[PDB]
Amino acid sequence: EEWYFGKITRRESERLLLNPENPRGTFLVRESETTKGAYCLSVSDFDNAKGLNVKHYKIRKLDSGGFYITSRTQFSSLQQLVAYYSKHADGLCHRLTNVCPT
């Protein structure tokens, strides 16, 4: 619930995620703006050339009702997806480390 930001836009999610004191891996889950029914996991990242940046991963819907970023790793809920990537990056730009503040 804490990390579910609902109908926040892609750019508003970037504004919040790009706060300079957010550790790398700060994230939120939102409804996708461009794919109705899908969600997005937006994560803060960083590299030493470009600096702070946000990576967006579309979370698409399954026919069983599940969710997935890559079809190779499907979940029965967004809570299960968030718990999984908080445990290990498994291909994400970085492990989910902190829920995006306020």
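C-alpha atoms forming the largest set that superposes within 1.5 Å between two forms make up the rigid core. Residues carry their position along the shown sequence, with the first being 1.
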*Using RMS Cα distance over all structures and residues, flag whichever of 64-72 and 23-31 lies farther from this form in 6 other deposited structures of this protein after a core fit.*
64-72
_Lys36 unmodelled in at least a third of other compared entries_ = yes
*Got a sec? Mean C-alpha B-factor, which is higher, 59-67 or 72-80?*
59-67
_On mean Cα temperature factor in this entry, is 13-21 or 81-89 the higher one?_
13-21
_Lowest, middle or highest third - CA B-factor, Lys50_ = middle
_Splitting the chain's C-alpha B-factors into thirds, which one does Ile8 fall into?_
highest
